[PDB]
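Data first, discussion second: the structure below is written as structure tokens.
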Amino acid sequence: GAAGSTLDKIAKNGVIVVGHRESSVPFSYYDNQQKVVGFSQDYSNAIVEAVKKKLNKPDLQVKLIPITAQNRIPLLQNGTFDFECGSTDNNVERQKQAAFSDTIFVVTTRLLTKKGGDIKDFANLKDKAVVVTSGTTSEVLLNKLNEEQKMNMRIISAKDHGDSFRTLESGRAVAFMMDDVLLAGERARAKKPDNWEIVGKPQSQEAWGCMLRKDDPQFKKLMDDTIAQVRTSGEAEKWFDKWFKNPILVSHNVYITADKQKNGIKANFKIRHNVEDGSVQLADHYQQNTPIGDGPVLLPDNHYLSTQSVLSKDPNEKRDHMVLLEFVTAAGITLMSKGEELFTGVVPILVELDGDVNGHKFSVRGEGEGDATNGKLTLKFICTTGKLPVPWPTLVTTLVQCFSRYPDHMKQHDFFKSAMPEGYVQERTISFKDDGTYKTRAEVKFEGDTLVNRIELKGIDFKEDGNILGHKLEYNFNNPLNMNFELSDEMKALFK
Amino acid sequence: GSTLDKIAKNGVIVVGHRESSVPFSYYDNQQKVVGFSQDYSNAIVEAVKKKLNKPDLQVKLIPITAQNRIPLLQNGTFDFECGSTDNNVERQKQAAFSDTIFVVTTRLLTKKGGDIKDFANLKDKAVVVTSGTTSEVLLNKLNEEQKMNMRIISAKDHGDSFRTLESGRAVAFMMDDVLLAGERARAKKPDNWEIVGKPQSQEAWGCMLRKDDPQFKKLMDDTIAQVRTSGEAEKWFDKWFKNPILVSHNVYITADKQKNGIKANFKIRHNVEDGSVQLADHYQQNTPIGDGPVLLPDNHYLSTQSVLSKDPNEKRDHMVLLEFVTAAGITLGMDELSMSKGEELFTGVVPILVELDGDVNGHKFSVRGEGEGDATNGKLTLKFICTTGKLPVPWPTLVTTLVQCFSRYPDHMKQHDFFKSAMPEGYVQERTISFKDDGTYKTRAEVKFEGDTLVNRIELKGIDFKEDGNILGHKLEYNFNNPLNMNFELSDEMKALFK
Ligand SMILES: N[C@@H](CC(=O)O)C(=O)O
Ligand SMILES: N[C@@H](CC(=O)O)C(=O)O
Ligand SMILES: [Mg+2]
Ligand SMILES: [Mg+2]
Ligand SMILES: [Mg+2]
């Protein structure tokens, strides 16, 4: 058979081509910024890093390409990609065409259906439209059940799992059959996740592995070693808790460019606020910052800030309020001044905002602390004038980028700290799609030991029953997904 | 101390600028401060950098108005300003002036075909003027001396003054004639407006600086003299007054290392025939067609300008395009005052073929373009034809869809040129273009060499467009980059100045 390895081909070419799935949630799927993410993609990344160390090629490139259940094996055999980790069952029939790593997940094949409907088990599918994803194990099982039991099902074959779920969600099928965890994943992305139930006696139990070409023991050994190390280091259980037991967030990217004319910077970015009906409210941000002082600043090369925030409520606070936890890291440039020295400890923060939106006047006061070493903010905001006339999430970006974590190799690009203590003016236009606009002007500076953000906000042209003045936005940030899925006994055994 | 002493101490020169003195010192639609006088301001800054041996001197532009320019100069809030300030004896008591950079007369702007033919026609009428200007003094003086009973509306800056006139809330706007021509150029309908009236005065503009600083005055006067005799002053006049003024677009690029590619985002503003603007938000992702190594960039941007024209011998629906693109956003380092194989494919002139098939709200169409690209100069020249008859969308909405491998990457940035590095195998370019209050284009293109020709083959799908919106309604001007075209003669006094 083969005398060489895909590892030798990778080393020659300088790139590893990795297949990935498009809608295997939360394992290998596109997030709303088209990043390929998930539990299996974490294994894929670990394997890629293991290939880089094994080949001593620290600058190896990666090229992720999309595959489907239908085309994964033909594209593997003709060399279109080198391996994939996503949601592929290891079985005997497939071992005739491909090789598999050791198992990374174990599932059972079940049904997703509307809560409170007639579908309790597979027997309820008689004479009904049932959706299943083309090219999958469940498609084979569902057709076989339909034929062997003469159930008169109308089996709809959809191109990928999100399409299958949206067939169910729109009423064109009474149930979706698939791996139970993938049903839970599509449910998490639904308009109303809590309307959907997993039901039915399992038709099978399956084990997922990474797929690679046959006759490559060196590459499979590197994968199996990597999987073994992920387990015994505790990372496998930590990745499970990450994807299945905590909110899954999508980072925002604040794109920064120098504005040398003004000795400052500009930025642009988009926020997508979740709407209660399952849609999204786009908020387009334009930003300009100029230093208050007339001394030197750091004028950055282009880069971006990667941001995630968590909103919560203080159970002992009766005023209208928001508790905020925020994490920000600078990126976009590949690998002590006075201003930067001001941020080496924990710095108290004060925020004051005076707002007028469509004539509705309000004020907000916030206090907390920031830890730029860790890119971390913790703040509590109160509406001091009574009820806030807009949703708290629409004010998050307005309510101190000097607390971003700049990596050591990027510290010469940190405009925000360099303007301290005298500070900077931050101005934004925030354009809400199909609705009004906020215009903001803030001064961010030190007053004594405290970092103060004092803002004026003016909002115009809002729709009184739109998503903002109508209070139709969910109290969250970064478009969370929250899985509802039990750690099974089989998975517990896998982790030993 | 002196102004240079302050600049040297701080490492920053603080430059006052006007906000609406068109086309001398004004904000363009990307908030950049531009104009004929700002070209002088930049020349002065560069002379200060050279004099102080501080190539990394920083610049801080701060806005000033006709009302606050002198007090902010006096208390040191800024160091100098080049804009539109008259030099006169009264102001010399408060400030020093450079040698003259422009000469104007004070006149009126009014609606073409109206009753305002000269200053006498203003009797009993509303007249607008900018607060704190020479014209405001002259207009009030004329009012009282000739008992004209004008209602003088005093607006905060020249754009506000003009929009008072444009919106019918005054019958005329008095100002420096060239500033009237500048505000006209930005109007909803520039050709509706006429400059009339016997000049009330002739004025000379200079750059303002603090009094009793002869060395800083000499640096500015020396720079202004060099601009004249080097011919730059006449070239700047031609640039600002006899050629279209464009705004550049910035294409903001970030790496997408997962896909061995890049993403980009940027905004295009299309001029609408009624004077409004149609926003087109661009999201972009590129991936290499080949599986071999590429250049993965740090964040940077492409600075783009385009000129659309018509071929007078072409009877088909068509667009002639000239485009210039330069990469920017990574500073040339103090210590430095081919990176891919594909880069070598662009050292000379490369022929280009573009093929687009479109479907917008069910209206199908095809476009074919041919021309050539010169990446050494960041320059493209193409002619496009609609091969299916009439184009069902405006040509400007297709410009961004219809080869960023022809961008000029400065030498210090060549390691960030993903586009050329993916050749000859090429790349896939996908976009979502969202037209504000209207529909969306989704595009997928392959850009690659086919033999010696760089080929861009595109599929475009448009949905949710309004049939009477700006796109399907064909309400967009045939231009790009939001041009302004001055209508202003070179006077004999300006010719004298250029000697
Ligand atoms: N695990 C199933 C479904 C999938 O791949 O998404 C299969 O291997 O066919
Ligand atoms: N040139 C006039 C108007 C202006 O400054 O814009 C003045 O000096 O007041
Ligand atoms: Mg939801
Ligand atoms: Mg009199
Ligand atoms: Mg126009």
Sort out which residues of the stretch B:107-133 are surrounded by fewer than 24 Cβ atoms within 10 Å (Cβ to Cβ) and within 16 Å of ligand 2 (Cβ to nearest atom), and write them in order of number.
B:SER131, B:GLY132
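Scan the strands (runs of 3 or more DSSP E) fully inside the stretch B:346-394 and keep the ones with 1 or more residues being under 26 Å from the mean Cα position of the chain (by Cα) and polar (S, T, N, Q).
Details: elements: B:350-360, B:363-374, B:379-386.
The qualifying strands (runs of 3 or more DSSP E) are B:379-386.
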Of all residues being away from ligand 2 (no atom under 13 Å from the Cβ) and buried (at least 22 other Cβ atoms within 10 Å of the Cβ) in the stretch B:59-72, which is nearest to B:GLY1 (Cα to Cα)? Just the residue, please.
B:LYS60
Can you pull out every residue in the stretch A:1-15 that is surrounded by fewer than 16 Cβ atoms within 10 Å (Cβ to Cβ) and assigned to a loop (DSSP other than H, G, I, E, B)?
A:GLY1, A:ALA2, A:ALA3, A:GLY4, A:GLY14
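For every residue, the table says whether it meets (1) away from chain B (no Cβ under 14 Å); (2) farther than 19 Å from A:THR397 by Cα; (3) under 27 Å from the mean Cα position of the chain (by Cα).
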| site | (1), (2), (3) |
| --- | --- |
| A:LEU311 | yes, no, yes |
| A:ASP314 | yes, yes, yes |
| A:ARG319 | yes, yes, no |
| A:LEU325 | yes, no, yes |
| A:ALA330 | no, no, yes |
| A:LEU335 | no, yes, yes |
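Quick grid of which residues meet (1) among the hydrophobic types (A, V, I, L, M, F, W, C); (2) more than 16 Å from ligand 2 (Cβ to nearest atom); (3) within 16 Å of A:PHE105 (Cβ to Cβ); (4) surrounded by fewer than 18 Cβ atoms within 10 Å (Cβ to Cβ):
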site	(1), (2), (3), (4)
A:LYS159	no, yes, no, yes
A:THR167	no, yes, no, no
A:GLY171	no, yes, no, yes
A:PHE176	yes, yes, no, no
A:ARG189	no, yes, no, no
A:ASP194	no, yes, no, yes
A:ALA207	yes, yes, yes, yes
Suppose we filter the stretch B:13-38 for residues that are more than 12 Å from the chain's Cα centre (by Cα) and of a type in the set (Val, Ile, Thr); how many remain?
3
For residues that are part of a loop (DSSP other than H, G, I, E, B) and facing chain B (nearest Cβ under 8 Å), scanning just the stretch A:293-309, find the one that is surrounded by the most Cβ atoms within 10 Å (Cβ to Cβ).
A:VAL297
Residue list for the stretch A:132-167, restricted to those being among the β-branched types (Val, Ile, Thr), within 26 Å of the chain's Cα centre (by Cα) and more than 11 Å from A:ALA69 (Cα to Cα):
A:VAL132, A:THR167
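For the stretch B:205-243, which residues satisfy the criterion of being assigned to a loop (DSSP other than H, G, I, E, B) and polar (S, T, N, Q)?
As a first pass, look at the stretch B:205-243 and keep what is assigned to a loop (DSSP other than H, G, I, E, B): B:210-213, B:230-231, B:242-243.
Selection gives B:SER230, B:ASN243.
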For the stretch A:16-51: of the residues being within 14 Å of another protein chain (Cβ to nearest Cβ) and assigned to a loop (DSSP other than H, G, I, E, B), which is nearest to A:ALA69 (Cα to Cα)?
A:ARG21
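Being assigned to a loop (DSSP other than H, G, I, E, B), more than 14 Å from chain A (Cβ to nearest Cβ) and either of a type in the set (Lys, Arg) or within 16 Å of ligand 1 (Cβ to nearest atom) (or both) narrows it down to one of B:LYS117, B:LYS54, so name that one. Break it down into steps so the answer makes sense when it comes.
On the way: B:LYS54 fails: more than 14 Å from chain A (Cβ to nearest Cβ).
Only one candidate passes the filter, namely B:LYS117.
Would a scan of the stretch B:81-98 turn up a residue that is within 27 Å of the chain's Cα centre (by Cα), within 13 Å of another protein chain (Cβ to nearest Cβ) and not basic (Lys, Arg)?
Filtering the stretch B:81-98 down to residues within 27 Å of the chain's Cα centre (by Cα) leaves B:81-86, B:98.
Remaining after also requiring within 13 Å of another protein chain (Cβ to nearest Cβ): none.
There is no residue in the stretch B:81-98 that is within 27 Å of the chain's Cα centre (by Cα), within 13 Å of another protein chain (Cβ to nearest Cβ) and not basic (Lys, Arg).
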Among the residues that make up the stretch B:378-399, is at least one of them polar (S, T, N, Q) and crowded, with 20+ Cβ neighbours inside 10 Å?
yes
Residue under evaluation B:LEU460, criteria (1) surrounded by 14 or more Cβ atoms within 10 Å (Cβ to Cβ); (2) farther than 30 Å from B:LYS420 by Cβ, criterion not met
(2)
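Taking into account only those residues within the stretch A:249-292 that are in a loop (DSSP other than H, G, I, E, B) and within 23 Å of A:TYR29 (Cβ to Cβ), which is nearest to the other protein chains (Cβ to nearest Cβ)?
First, pick out the residues of the stretch A:249-292 that are in a loop (DSSP other than H, G, I, E, B): A:249-251, A:263, A:276-279, A:292.
Narrowing the set further to residues that are within 23 Å of A:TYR29 (Cβ to Cβ) leaves A:249-251, A:277-279.
Numbers: A:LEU249: 18, A:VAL250: 14, A:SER251: 13, A:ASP277: 19, A:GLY278: 19, A:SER279: 15 Å.
For the stretch A:249-292, the residue satisfying everything is A:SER251.
To keep it simple, each residue is scored yes or no on (1) over 30 Å from B:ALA255 (Cα atoms); (2) touching a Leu at 6+ places or on another chain (Cβ under 8 Å).
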site: A:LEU60; (1), (2): no, no
site: A:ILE73; (1), (2): no, no
site: A:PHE81; (1), (2): no, yes
site: A:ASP89; (1), (2): yes, no
site: A:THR103; (1), (2): yes, yes
site: A:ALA123; (1), (2): yes, no
site: A:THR136; (1), (2): yes, no
site: A:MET153; (1), (2): yes, yes
site: A:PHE165; (1), (2): yes, yes
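Let's see how each residue does on (1) touching a strand residue (DSSP E or B) at 6+ places or on another chain (Cβ under 6 Å); (2) under 22 Å from A:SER204 (Cβ atoms):
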{"residue": "A:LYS53", "(1), (2)": "no, no"}
{"residue": "A:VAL62", "(1), (2)": "yes, no"}
{"residue": "A:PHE83", "(1), (2)": "yes, no"}
{"residue": "A:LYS96", "(1), (2)": "no, yes"}
{"residue": "A:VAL132", "(1), (2)": "yes, yes"}
Every listed condition ((1) of a type in the set (A, V, I, L, M, F, W, C); (2) in a loop (DSSP other than H, G, I, E, B); (3) touching a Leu at 6+ places or on another chain (Cβ under 9 Å); (4) over 19 Å from A:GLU447 (Cα atoms)) holds for A:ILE333 save (3)
Residues (touching a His at 6+ places or on another chain (Cβ under 9 Å) and assigned to a loop (DSSP other than H, G, I, E, B)) located in the stretch B:472-499
B:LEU472, B:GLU477, B:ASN479, B:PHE480, B:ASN481, B:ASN482
For residues that are in a strand (DSSP E or B) and among the hydrophobic types (A, V, I, L, M, F, W, C), scanning just the stretch A:448-471, find the one that is farthest from ligand 4 (Cβ to nearest atom).
A:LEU451
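No Cβ is skipped: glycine too gets one built from the backbone with ideal geometry, and neighbour counts run over all protein chains shown. No lab work stands behind these numbers, since they all come straight from the coordinates.
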